[PDB]
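Below is one structure, written out as structure tokens, with a few remarks after it.
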Amino acid sequence: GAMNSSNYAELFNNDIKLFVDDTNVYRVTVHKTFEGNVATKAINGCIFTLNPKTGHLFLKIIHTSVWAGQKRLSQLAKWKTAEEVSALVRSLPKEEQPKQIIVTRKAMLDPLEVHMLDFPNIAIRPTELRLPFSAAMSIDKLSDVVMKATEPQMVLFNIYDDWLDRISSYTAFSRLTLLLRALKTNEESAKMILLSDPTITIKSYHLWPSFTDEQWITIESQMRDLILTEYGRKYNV
Amino acid sequence: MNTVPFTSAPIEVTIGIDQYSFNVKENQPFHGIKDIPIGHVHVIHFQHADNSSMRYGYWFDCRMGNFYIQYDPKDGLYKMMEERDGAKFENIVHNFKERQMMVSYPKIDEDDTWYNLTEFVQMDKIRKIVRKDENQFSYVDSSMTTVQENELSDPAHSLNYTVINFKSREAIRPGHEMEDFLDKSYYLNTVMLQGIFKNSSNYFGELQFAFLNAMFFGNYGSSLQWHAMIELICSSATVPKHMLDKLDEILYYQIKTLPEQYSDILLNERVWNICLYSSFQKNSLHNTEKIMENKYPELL
Ligand SMILES: COc1cc(CN)ccc1C
Ligand SMILES: COc1cc(CN)ccc1C
């Protein structure tokens, strides 16, 4: 069934689950050709597969070569996503396989369900939550590994850095979605907010800066002000 | 021509015989139906006047025996039975015929409707779908469920139609997920036609029988089966040319015969719009599309 605001704590219970976002799988630049027609050039993409309890992110990089000579690429991308998620589940020991997979766009439901017929006990679900996982490519270290890749490749991250040492997964998810929402609404400002203090660095083995508890509250406030600021610029309120 | 004689008509009832129907009043001197065309399967069906709940009836072929109908006052319905004494049966039929106590199967000579609805419907095909093999005729009613409906509850009183399920391992070859989901030709041609049904005659058989049971009994699971079987063909990129042509003919006469006033509960808007306008065979069913558009344009 659909995941929404009524059953939101289910994300953080002890049943293994993954979110799958396919927004950034098939990415193109659109340009004019010499003859003045339009054509696309594809660039590297990625599947964003995330355990919201642990922060474990399975970043499957989608190299442009996987589109070569294929037709109807927007449709193929949903099936390529479903094929790679199925491949991931099969590669995991049984006790690590998810009990549920939540897709962020409903168009992923059939492709994934078809690829996972072999796993009838894994529930494939949509969600009414609008999650900002498309902004994942505003995270510099993630964007860099996607663009540098010369072959298909899976890279594993913890998108919560070390936060779970200090906060619950519910709070770490809330932080993450507010950070991603901010980067999605105004990327420049969000990054400005995150780095304006050169004395807070990003550890080589982390994605986000090493903010103290107190500094995270400030940062969170500034991000909410930004999302409100942009809402105001947008709708003229 | 053959006869289905009746012991009596003790309760008021609407009687169906193939695509015809007539009213019999409580204790009216009715003793059955004569001049039934030999050569086709037939169905005789019932709706009680005091309880339109439970339409029910019997599929039969007069070439396979001498059958008759008697009301059963314990079970409360008109039952088909077989008289094995041929002498007794001819004699019983001749006296009612002489007293003119029987209605005549009213086949107009120009009229191929029944043939066109049953072209692929023989009793050997029907026997694969229902389970009750002590009789040479087969009982169906409004509320019988299908084997697939039981999966989703008595198996003795079920319709054994073949389970069609587009998101099932049978429908989808490992490694051809996208291909086999978006183009059902493997499922239609290799799994169903070459593997479960054997030829397109047993396959159009079940199709036609499913429609007839939906229409005559309002059997909801038969209606699902008819739509599923259509959609599998229309959703297959590769279908033999002769099946598409015959399918167009099958459907044309089903649509032509459907009561206008039952169209809302017998026709699935999604399947038909998909089949006629989006599917691989959107341009391959000229006769059916033309009749659907002129008869049920609301649904489209
Ligand atoms: C209605 O016809 C019959 C009736 C009985 C017994 N009522 C036996 C056999 C036949 C043919
Ligand atoms: C109509 O013919 C068949 C029907 C079934 C059961 N739906 C099985 C096998 C065959 C040949």
Side-chain angles (χ1 to χ4, degrees), chain B residues 2-10 15 24 28-34 36 41 44 58-62 64-74 77-99 101-103 118-133 135-138 140 144-151 155 158-165 170 187-188 190-214 219 221-222 224-226 228-229 232 243 250:
Chain B
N2 273 121
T3 311
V4 171
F6 272 59
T7 319
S8 61
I15 309 186
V24 180
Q28 169 190 329
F30 176 77
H31 294 278
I33 307 168
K34 61 175 191 162
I36 298 171
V41 293
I44 183 170
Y58 301 85
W59 287 93
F60 68 98
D61 182 324
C62 279
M64 286 170 60
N66 300 326
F67 319 92
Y68 73 98
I69 287 261
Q70 187 168 118
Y71 176 70
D72 173 354
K74 182 153 151 122
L77 76 193
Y78 286 99
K79 293 217 175 134
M80 183 157 295
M81 291 174 281
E82 175 160 23
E83 171 63 74
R84 53 173 290 114
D85 184 356
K88 184 196 203 193
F89 178 83
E90 289 187 41
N91 161 235
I92 276 173
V93 145
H94 175 273
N95 154 100
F96 291 142
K97 276 216 198 167
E98 264 299 284
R99 308 229 285 153
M101 308 263 75
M102 304 190 177
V103 289
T118 58
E119 161 165 22
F120 302 96
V121 171
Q122 344 273 319
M123 284 307 307
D124 67 312
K125 266 101 126 170
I126 294 187
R127 288 189 91 214
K128 269 276 200 283
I129 303 141
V130 209
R131 210 54 95 237
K132 184 175 209 264
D133 310 334
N135 296 314
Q136 298 271 293
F137 48 85
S138 304
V140 181
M144 285 173 41
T145 57
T146 71
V147 158
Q148 173 176 76
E149 277 185 321
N150 291 324
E151 304 162 7
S158 279
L159 294 144
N160 172 51
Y161 296 112
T162 294
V163 184
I164 302 160
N165 179 1
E170 303 65 48
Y187 195 32
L188 165 70
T190 299
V191 178
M192 288 286 161
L193 286 166
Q194 154 172 278
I196 290 220
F197 282 99
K198 295 338 183 106
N199 52 66
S200 60
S201 289
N202 291 319
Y203 183 104
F204 287 144
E206 168 140 332
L207 198 146
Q208 290 185 307
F209 183 63
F211 172 83
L212 291 174
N213 285 329
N219 187 267
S222 302
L224 297 178
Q225 184 62 10
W226 176 55
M229 297 187 81
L232 175 52
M243 276 185 59
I250 285 168

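Letters go in sequence order (proteins before strands), and every chain restarts at 1. Atoms within a ligand are numbered from 1 in the order they appear, just like the ligands themselves. All heavy atoms count here, side chains included; hydrogens, waters and symmetry mates do not.
A perpendicular orientation is assigned to the rings of B/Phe197 and B/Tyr203, their planes being inclined by more than 60° (bins at 30° and 60°). Ring orientation note: the planes of B/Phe120 and B/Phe204 are tilted relative to one another, at an angle of 30° to 60°.
Contact annotation: for B/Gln70 versus ligand 1, heavy atoms closer than 4.0 Å belong to the side chain alone. Proximity of B/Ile92 to ligand 1, defined as any heavy-atom pair under 4.0 Å, is confined to the side chain (atoms from C-beta onward). Only the backbone of B/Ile196 comes within 4.0 Å of ligand 2, judged by heavy-atom distances. For B/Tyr203, no heavy-atom contact with ligand 2 is shorter than 4.0 Å.
Of the polar atoms of B/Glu206, at least one N or O is found under 3.5 Å from an N or O of ligand 2, judged by distance alone.
For atom 9 (C) of ligand 1, the closest heavy atom belonging to the protein is B/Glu83 OE1, 3.4 Å. Closest protein heavy atom to atom 2 (O) of ligand 1: B/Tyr68 CD1, 3.4 Å.
Considering only heavy atoms from C-beta on, B/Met144 comes within 4.5 Å of B/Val130 through its side chain.
For ligand 2, the atoms closer than 4.0 angstrom to any heavy atom of B/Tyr161 are 7 (N).
Residue nearest to atom 5 (C) of ligand 2, selected from B/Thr162, B/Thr146, B/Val121: B/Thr162 (by heavy-atom distance).
Residue contacts with ligand 1 include B/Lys88, since one or more of its heavy atoms lies under 4.0 Å from the ligand.
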